Structure formats: C-alpha cells, structure tokens
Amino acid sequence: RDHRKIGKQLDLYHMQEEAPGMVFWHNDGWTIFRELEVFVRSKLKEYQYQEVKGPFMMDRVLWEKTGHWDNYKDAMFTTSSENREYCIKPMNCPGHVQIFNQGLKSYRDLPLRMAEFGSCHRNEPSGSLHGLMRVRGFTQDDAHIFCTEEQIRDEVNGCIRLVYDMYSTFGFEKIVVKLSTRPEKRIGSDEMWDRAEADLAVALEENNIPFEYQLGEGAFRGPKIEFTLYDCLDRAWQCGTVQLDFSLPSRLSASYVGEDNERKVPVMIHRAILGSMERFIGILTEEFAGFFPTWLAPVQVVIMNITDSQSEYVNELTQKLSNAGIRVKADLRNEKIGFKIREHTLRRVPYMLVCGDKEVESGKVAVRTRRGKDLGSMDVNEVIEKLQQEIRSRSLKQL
C-alpha cells in the first residue's frame, strides 16, 4: 500500500523534476480520474448542481479585491502580460462569484449550487511534495452554494448527506467530523454568526453526527466543518470541507433581490467532498492496493486465445464487449495461457476471458478472476450483463 509504487507498477502516472508537484496522468491513471468525475457528476445531478469552468489565470487586482492576496501571495504563481499582473488561480471561489455576478439574481434563483472540476495551482515548497498527496497542481471536486441565511440548514444538510453518501461508495464508513471555533478576529456581525451556528448545530443534530471541536483558531470569514475518513488501515484522511463565507460575496459585489425587494448579499458556502482528486486517487490506490473495483479499474477485461485459431473469435468478443461499454483489451500475443493470465493478474485486471477451441464452438467463454477464482464457461451475453451490473452499481467486489 504505497500509491507511488503501485502507480508505477500499473502505469497510472509519473512525475519528473521539470514540473515538480504536477502529475503526468497516463492513459490508465486518467481512466481512473475520469471515472471519478463521472461518479461526482452523477451525484451533482442528484443535488441539482451547475457545472462551470473558470479561467486559469485572473487579474491580480481581482485577487487583491478578495483579500486572499495578502494572506496567500506566497503560495500563488504569478505571471504577466502587457504591463499587467495575473495569478494562476489557487482557488475556484472568485471565478464562481464572477459567473454569479453575470445577470440579475433574485431570491427565486437561490439556492444556487455551482460546481467545477477546477484545476488549481499552489507554489508549495518543493521539499514538502510527496506523490499525489502533496502536489502543486490539483483538481478539486469543488462547489459553491449561494443561498440566504434561512437556507443554511437545508444546504448544510445536503452537503452532509453528500459526504456520507459519497465516502460510502468507496467503502469509507468510519467518518470523524470536526467543527471550528469562532476566532477573535472575524468578519460579519455577531448575530449573523449566532444564527448560522444554530443552523449548523441543528443540521449536525438532524443527521445524528457526533462532532468534536478543533483547537485551530478557525476561519475568520465563517464557521467551518471538516470531514475525516478512515481507510482499511484505520488511517485518518481529511477530505471533506463545508466552509461558510460572509466575507467574499460582499467583497466581490455579489447580490440578489430578496422577497422584500431589498438588495441583499448572498451567503456563500464552499464545499468539497473528496478534496484534491489527485490525492483521493492516491488514497484509493493504497486502499485497494491496486485491486481497483471493476468500475474504477483501467482495463476491466482481457480476452486471450490459446492459439491463432481462436484469435479471430477473440477479436469479435472484444468488439462485442466494447460496444457494451466495457473497457476491454485483446491479448493475442504468442505466449501461452498460463503466462498471460499471470501477467494480467499481476496488473490487477478484474476479469480474464479464456477462449479455447471448446469456447469458440460453444459460443461461451472461460472466465478467470484476478484473485484466481475460476467461474468456468459462461454465456457471452450473461457475462456482459453481470459486468454491466457490477459497473453500474459501482460494486466493491466481484462475482
């Protein structure tokens, strides 16, 4: 369970000194990355999230307008063009407010949930980088919710359900939730903080979540929730966050017309469920020790012949499986069946179809699994129906 070693073994990705802290996603690693996006997008559709894409760099004046310049100028890559200074974005938050600021918003547009798979960059010191855990370039399952003060409870509830629903898919059921203590220096009136804290307390009680408080001084712009998961080694990984913001929407001139026809500043909720998706892939790689679940496996099926007679039967089978949506490969090499089955077992391919002369004549296929289990000859249509169920259900275990 070392994601850097398994990543090299499975040809998932690589890094080199020319771009420290930035991942070269290979084909198989990118397949895992994109399958994660499909999973998140499926959850986004459930909770009615927009998906947007912001610009990678933005004017340094805009970043100074947010107030994040002074606090995080060290971590921000800077670039220039035509006597103007630009910042490679370390966060997606101001860009979403820019999209929100387009057009007039009323209360009828709230809550407005805006998600983005935003590529962000941070100038982290090189000595602190490690694999996919600590990088300079990363993609967050980020989203921001624009809502009234009244909707804070209902929106935090949805984030809470999202965290537990999503972590459970991967097998993470032990979750520790920590709440933040309000600092001395804070933005926003005390009554605003008091009302929002009641919203958070009611939401956490509603979901029956035992929560602890954190010794850290907490964020100045709002109350913060952090979700930590535990992998099969009982290792704690902090991935989720729900951060309230009373500062940024006021700074970036965001507003909406309320029911009373009065100009109001929306409440802004920052939330990520998995956090850094590169980091989450590394966590998943160590969690499964390379035995990725079928829906996450880069190559899900390999079909092999025994000799060249079955080689054309294999090619039809590969096409029939590929049309069914299965990520399949054909192994027609001039190696005998024990060699290929072992090699694809070592590469963690979930299923392995053996096509002998009996298999060609029967119309069936001989099925082996990467754990060495022999499921015997099965109907080709039956095989497809079972993997499709395993893929669509995103099941954690095989047949």
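Heads up: residue numbers just count along the shown sequence, starting at 1.
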*Which wins on mean Cα temperature factor, 380-388 or 8-16?*
380-388
*Out of 97-105 and 221-229, which stretch has the higher average CA B-factor listed in the record?*
221-229
*Reading the B-factor column of the entry, which of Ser362, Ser42, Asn27, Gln48 has the highest value at its C-alpha atom?*
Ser362
_Residue with maximal Cα B-factor (values as given in the PDB entry) among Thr169, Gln310, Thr139, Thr294_ = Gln310
_By the recorded C-alpha temperature factor, relative to the other modelled residues in its chain, which third is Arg347 in?_
lowest
*asked:* How does the C-alpha B factor of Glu37 compare with the rest of the chain: lowest, middle or highest third?
replied: lowest
*Grab the CA temperature factor for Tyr72 from the record and place it in the lowest, middle or highest third of its chain.*
highest
*Consider only the C-alpha atoms of the modelled residues in this chain, order them by B-factor as the entry records it, and name the third containing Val61: lowest, middle or highest.*
highest
*Name the third of the chain's ranked CA B-factors that contains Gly54, choosing lowest, middle or highest.*
lowest
